[PDB]
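1. this one's experimental. Sequence and coordinates below.
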Amino acid sequence: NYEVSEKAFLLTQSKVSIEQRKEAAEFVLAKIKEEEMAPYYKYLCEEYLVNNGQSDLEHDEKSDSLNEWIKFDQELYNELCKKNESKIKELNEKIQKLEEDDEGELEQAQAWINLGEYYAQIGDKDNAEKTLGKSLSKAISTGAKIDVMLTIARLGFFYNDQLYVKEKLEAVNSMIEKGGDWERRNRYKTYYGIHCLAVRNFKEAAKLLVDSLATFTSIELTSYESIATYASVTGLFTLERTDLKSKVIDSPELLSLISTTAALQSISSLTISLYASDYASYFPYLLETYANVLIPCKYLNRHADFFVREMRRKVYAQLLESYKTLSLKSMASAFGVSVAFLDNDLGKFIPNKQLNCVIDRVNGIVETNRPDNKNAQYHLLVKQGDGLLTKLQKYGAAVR
Amino acid sequence: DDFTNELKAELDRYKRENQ
Amino acid sequence: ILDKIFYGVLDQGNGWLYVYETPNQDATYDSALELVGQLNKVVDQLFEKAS
Amino acid sequence: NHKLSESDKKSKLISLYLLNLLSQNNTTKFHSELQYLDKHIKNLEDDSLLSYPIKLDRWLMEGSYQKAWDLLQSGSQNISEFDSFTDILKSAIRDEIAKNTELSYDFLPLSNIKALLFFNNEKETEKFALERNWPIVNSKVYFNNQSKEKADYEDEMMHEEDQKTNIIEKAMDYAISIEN
Amino acid sequence: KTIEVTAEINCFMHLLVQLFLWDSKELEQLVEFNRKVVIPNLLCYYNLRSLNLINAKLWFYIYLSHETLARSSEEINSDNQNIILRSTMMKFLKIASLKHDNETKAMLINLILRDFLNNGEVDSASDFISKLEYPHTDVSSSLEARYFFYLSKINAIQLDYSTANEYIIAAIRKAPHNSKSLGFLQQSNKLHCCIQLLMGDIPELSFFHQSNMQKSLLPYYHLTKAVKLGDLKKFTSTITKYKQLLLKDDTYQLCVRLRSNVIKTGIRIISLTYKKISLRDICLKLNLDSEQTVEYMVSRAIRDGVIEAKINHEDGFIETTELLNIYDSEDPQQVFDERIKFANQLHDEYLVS
Amino acid sequence: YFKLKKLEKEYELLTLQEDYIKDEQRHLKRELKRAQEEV
Amino acid sequence: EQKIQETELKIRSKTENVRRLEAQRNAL
């Protein structure tokens, strides 16, 4: 589900190279011919239509495509159909035969989790939901929460559905609440981390996601690579540096991870650069990580130019605080960049106001503004208390 | 935006390399 | 200096090490921030009842 | 909706009237006058006579004086009966320019101020600079006074030392009285 | 006979309620009879009195549609009809003398400011507005809100933004009716976005996003963006496209006021932080706008007080301040002083209440 | 009109009395502090 | 005559505010 979706994401988010799409489409070809998955193939094709993966043999015929493993065949409709006929037939006989015996009050539920597996493997939206609610209706043990939680999470990761996986997780957790198993706690948090980066709040996501295990795997409900890379990056991104030297300089799982695969570059290399303070090494390295790791991932292309801009801003921001008198001419010249880049994107940062950078661009000097007899607090409090005052005026608008 | 930065980046490096 | 062990700054432009002063805020940000939180709960609640 | 007896000299009079408000530097009245105008956009924009004070009002507002000045000289109506209003207008801009220069510059040369105000003789500018109460040296104009702080009655207010305290106490005192 | 007087009155109110297109067939034909109905044994009795048995609102509803000048048809030197209305409303205005009259009296002033806003001249507003103060404790939450809305409109031509912002923000916090959530709500939002533009402080239209049509929003975003990014070029082409819109709403005044603002907003984003800012940069930005008035406009810019700077052109640098305050004297104390005043008025209401 | 005089009178007595409420209220404030202090 | 009615009216207005104070005075 994960491995389907991830490489599906990889095709659709292709613009970098030929092989980025090509490898995606082949793995998707392998998978779509492995098991019946026609309507989620259909979606993929539709979603990257009028692009450069528009080749098909059932709803659009174009040869301008750079892919040809996003094509239908009608050979699909002999495999899909015999598998679906066997499965529906076998399971109708199961539910029928069980009910007829008057056997179980969970075996009816097991028969419908089976149908739910069956439907989430084809990629169905409504068929899977409507079967699964049956098992939760014939609840009599905490077993029902565990099964419900696994199947909603499977559909979610395949489609990229947010909303009924989110409602259904929340709805089921209060259905009976004791926090369940350990394993279920990690899943519950991690999905929540998705949700808060998806509405876009940033920090809220980190609170659940980083505290989620960074070695959690269940193959297709998330892999080891996925959870860990996602934790580590959001980690860096929305957190202060006290957190970073504590936790995002190493988890001992990450050490072991990066040993086997070079798909991280964010617990080791970028952290160490940032702590030493660079722009010669740090911004090059950001770009390389960005292309290779970030755009490929489903949830690191979802904070895009914010990742890039806040993190170049953060290294600049900490260098500002150590150097009261900073030569923008020396830095921009010789610190592994050119004058015009450093000056114009610095000038971009400044009225977003995440800096106390007292700038002259052409003289090539920057100085540094203390809070002193402005505070941060005196002025900030000075207009926060007017938040309070408006709501009482609002109350005294309406009165009795 | 990624595209802009990459173009500038490649440029900076090339320039630095030719000093 | 960046870790803020010692309260100095560098004036790089000058090539000198220059003075900084350690206390840059009083306890009025903390104090007010706590008050805002209480007030906001109480108010928000009250408006609902009134209706 | 009065649309039943229109002439074209009408148009000429309104452009003159718009210019009359404009030259006195009544910004608000110019805004009210467009509002009285029945079709604001069609009448005003098409009509070329009417277009000169409108273009002018934009360029004066922005502080693009030099462009307003060029547009007034080249007009059709300057030949005609905008000549009367020009004299009033010219003083209005030179005063705003004199005032802009007093605020911004700490120092500037005499020759520069002479070009900015639209004189082609130094002596007419030293006479005006001197009326405005600027100090001047040989080859330089000085703006040690970039303003002129004070100006008769209006005190116990703003930047004193203990009348402020009295006022602080007094606000409290009223506040006590109401609560209690 | 007691019953007779009462019976006429209840009937007069009833005819006024019905005639909003039920058992009716021409609002204008019927106006004569509505004027007839109103004045004896009703308007006459009340001489030192005001009520919500007398209501200008019913007559406002009636009169408003006629002022689309499609029944007049612009065949005539002036409307008679509006003059008649105005004559009669001003006649009430005499009778009111600020002893008990704030109720119905306030509606008449809304009507009077509206006619000035359609096509009159809004310099006459000043007196009515002042006359019209006297403690207000009998005006309805919707009425307060409409009056403010009209008042805000007045303020804006007179070039008084802050005063207008306070009133429009105070308006939308009155009116639990679901009938003033409809098109009236849209009009109100329009005006709050316009005031935001004028000050040039302008935040994103986020809040507006689930309370207006997505059709309204996109053009509305387009205007705000034009100011924010600080291009003249972007701004002019947005005015060109959404011409019908700015005309339609009648907030065509923006085009005059905003142009000078837009160009200033465009310098402001370019930093003024350090003790000197090199003249070449600031010249460059300005050169795009106009390169014949680069000194004149920067000087004007300073004069305004929006931003403030010092220039030498015998050094050829522009010198600037941080644009960040200090706390060390009376000016934060003045904010402290305003807040305590606001609290006391509010306190007085809670006790009273 | 003999009626109007009479009605103005009734109201006047009432007025003196509205000020009177205030004056007892002020007094009570003083006595409240002294009592609370005493305890 | 009309003016005499007005003088009385203003007294009636002031009283209600006093009534709400007659209640507050009793709490003290």
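-> Now that the structure is in, tell me what you want to look at. Numbering: from 1, shown residues only, chains lettered A, B, ... in the order given.

2. neighbours of residue 13, how many?
-> Here I'm looking at chain A. By the criterion of other C-beta atoms under 10 Å in any protein chain shown, residue A:13 has 17 neighbours. In short, each C-beta sits where N, CA and C put it, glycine included.

3. oops, wrong one, chain F.
-> As a measure of burial, residue F:13 has 8 neighbours, counting by other C-beta under 10 Å.

4. how close does it get to residue A:365?
-> Between residue F:13 and residue A:365 the computed distance is 81 Å (C-beta to C-beta, to the nearest Å).

5. same thing with residue E:215?
-> 49 Å.

6. these two: who's more crowded?
-> More crowded of residue E:215 and residue A:365, by other C-beta under 10 Å: residue A:365, with 19 against 8.

7. who's in contact with that one?
-> The contact partners of residue A:365, taken as C-beta atoms under 8 Å, 6 or more residues apart in numbering or on different chains, are A:325-329, C:13, E:274.

8. residue numbers of the stretch 101-250 of chain E in contact with chain D?
-> Counting by C-beta under 8 Å from any C-beta of the partner chain, the residues of the stretch 101-250 of chain E close to chain D are E:119-123, E:157-159, E:247.

9. the helices in chain D, which residues?
-> Secondary structure of chain D by DSSP state H: the helices cover D:9-23, D:27-36, D:40-46, D:48-62, D:65-74, D:77-80, D:83-104, D:110-116, D:122-131, D:163-179.

10. buried deepest among these, which one?
-> Of those, the one with the most neighbours on average (mean count of other C-beta atoms under 10 Å in any protein chain shown) is helix D:48-62, at a mean of 19.

11. which one of the helices of chain D lies nearest to chain G?
-> helix D:163-179 (12.3 Å; C-beta to the nearest C-beta).

12. just the buried ones from the contacts of residue A:365, in ChimeraX syntax?
-> This is how ChimeraX selects the buried members of the contacts of residue A:365, with burial counted by 16 or more other C-beta atoms under 10 Å in any protein chain shown:
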select /A:325,326,327,328,329 /C:13 /E:274
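
13. in space, what's closest to the closest residue to chain E within chain B - neighbours in sequence excluded?
-> Closest approach between chain B and chain E, counting by C-beta to the nearest C-beta: residue B:1, at 15.2 Å. Counting by C-beta to C-beta, 6 or more residues apart in numbering or on different chains, residue B:1 lies nearest to residue A:305, which is 6.1 Å off, once chain neighbours are set aside.

14. which strands and helices sit next to the helix or strand where the one you found lies?
-> Assigned by DSSP states H and E, residue A:305 belongs to helix A:304-322. Where contact means 3 or more C-beta pairs under 8 Å, 6 or more residues apart in numbering or on different chains; DSSP states H and E, helix A:304-322 is packed against helix A:224-238, helix A:282-289, helix A:339-349, strand A:365-368, helix B:2-17.

15. show the subsequent helix or strand relative to the first one.
-> Where DSSP H and E defines the elements, the next helix or strand beyond helix A:224-238 is helix A:241-247.

16. again with the third one
-> Once helix A:339-349 ends, the next helix or strand along the chain (criterion: DSSP H and E) is strand A:357-360.

17. now the closest residue to chain C within chain F: phi and psi?
-> Proximity of chain F to chain C (C-beta to the nearest C-beta) peaks at residue F:36, 26.7 Å away. Residue F:36 has phi and psi values of phi -70, psi -40 when expressed as degrees, to the nearest 10.

18. OK, contacts around it?
-> Residue F:36 neighbours (C-beta under 8 Å, 6+ apart): none.

19. also residue A:194?
-> A:162, A:205, A:209, A:299.

20. go again using 10 Å as the cut-off
-> The neighbours of residue A:194, taking C-beta atoms under 10 Å, 6 or more residues apart in numbering or on different chains as the test, are A:156-157, A:162, A:165-166, A:205, A:208-209, A:222, A:230, A:298-299, A:302.

21. and these, which are buried?
-> By 16+ other C-beta under 10 Å, the contacts of residue A:194 give A:156-157, A:165-166, A:205, A:208-209, A:222, A:230, A:298-299 as buried.

22. okay if I get the residues you listed as CSV plus secondary structure and distance to chain E?
-> Listed next are the buried ones among the contacts of residue A:194 as CSV, based on DSSP: H, G, I helix; E, B strand; the rest coil; distance: C-beta to the nearest C-beta, whole Å:
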residue, secondary structure, distance to chain E
A:156, helix, 26
A:157, helix, 29
A:165, helix, 24
A:166, helix, 20
A:205, helix, 20
A:208, helix, 25
A:209, helix, 26
A:222, strand, 33
A:230, helix, 28
A:298, coil, 26
A:299, coil, 24
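
23. residues in the stretch 301-400 of chain A within reach of chain C, list them.
-> A:318-319, A:321-331, A:364-368, A:370-372, A:375-378, A:380-382, A:384-385, A:387-388, A:391-392, A:394-395, A:398-400 (C-beta under 10 Å from any C-beta of the partner chain).

24. of these, grab the buried ones for PyMOL.
-> To isolate the buried members of these in PyMOL, using 16+ other C-beta under 10 Å:
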select buried, chain A and resi 319+322+323+324+325+326+327+328+329+331+364+365+366+367+368+375+377+378+381+382+385+391+392+395
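
25. among the residues of the stretch 301-400 of chain A next to chain C, which lie within strands?
-> Using DSSP state E, A:323-325, A:365-368 are the members of those that sit in strands.

26. quick one: end-to-end length of stretch E:246-261, please.
-> End-to-end span of stretch E:246-261 (C-alpha to C-alpha, to the nearest Å): 18 Å.

27. is it anywhere near chain A?
-> No: Stretch E:246-261 lies out of reach of chain A by C-beta under 10 Å from any C-beta, never closer than 16.8 Å.

28. what comes up buried for that stretch?
-> Under 16+ other C-beta under 10 Å, the buried positions of stretch E:246-261 are E:246, E:251-254, E:256-261.

29. redo those residues as JSON lines? Include secondary structure and distance to residue A:266.
-> As requested, the buried residues of stretch E:246-261 are exported to JSON lines (DSSP: H, G, I helix; E, B strand; the rest coil; distance: C-beta to C-beta, whole Å):
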{"residue": "E:246", "secondary structure": "helix", "distance to residue A:266": "49"}
{"residue": "E:251", "secondary structure": "coil", "distance to residue A:266": "50"}
{"residue": "E:252", "secondary structure": "coil", "distance to residue A:266": "54"}
{"residue": "E:253", "secondary structure": "coil", "distance to residue A:266": "53"}
{"residue": "E:254", "secondary structure": "helix", "distance to residue A:266": "48"}
{"residue": "E:256", "secondary structure": "helix", "distance to residue A:266": "53"}
{"residue": "E:257", "secondary structure": "helix", "distance to residue A:266": "50"}
{"residue": "E:258", "secondary structure": "helix", "distance to residue A:266": "46"}
{"residue": "E:259", "secondary structure": "helix", "distance to residue A:266": "48"}
{"residue": "E:260", "secondary structure": "helix", "distance to residue A:266": "48"}
{"residue": "E:261", "secondary structure": "helix", "distance to residue A:266": "44"}
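
30. that older thread, which one of the contacts of residue A:194 sits closest to residue A:86?
-> residue A:157 (25.7 Å; C-beta to C-beta).

31. now do that closest one against chain F, distance only.
-> 68 Å (C-beta to the nearest C-beta, to the nearest Å).

32. can you pull the contacts of that residue?
-> Per C-beta under 10 Å, 6+ apart, neighbours of residue A:157: A:1-6, A:120, A:165, A:191, A:194, A:220-222, A:226, A:298.

33. in helices, which of those residues fall?
-> A:2-6, A:120, A:165, A:191, A:194, A:226.

34. quick check: residues of chain G near chain F?
-> Looking at chain F, the residues of chain G close enough under C-beta under 10 Å from any C-beta are G:1, G:4-5, G:7-12, G:14-15, G:17-19, G:21-22, G:24-25, G:28.

35. which other residues reach stretch A:84-103?
-> Stretch A:84-103 is contacted from outside by A:36, A:38, A:104, A:107-108, A:110-112, A:114-115, A:117-119, A:121-122, A:131, A:134, using C-beta under 10 Å, 6+ apart.
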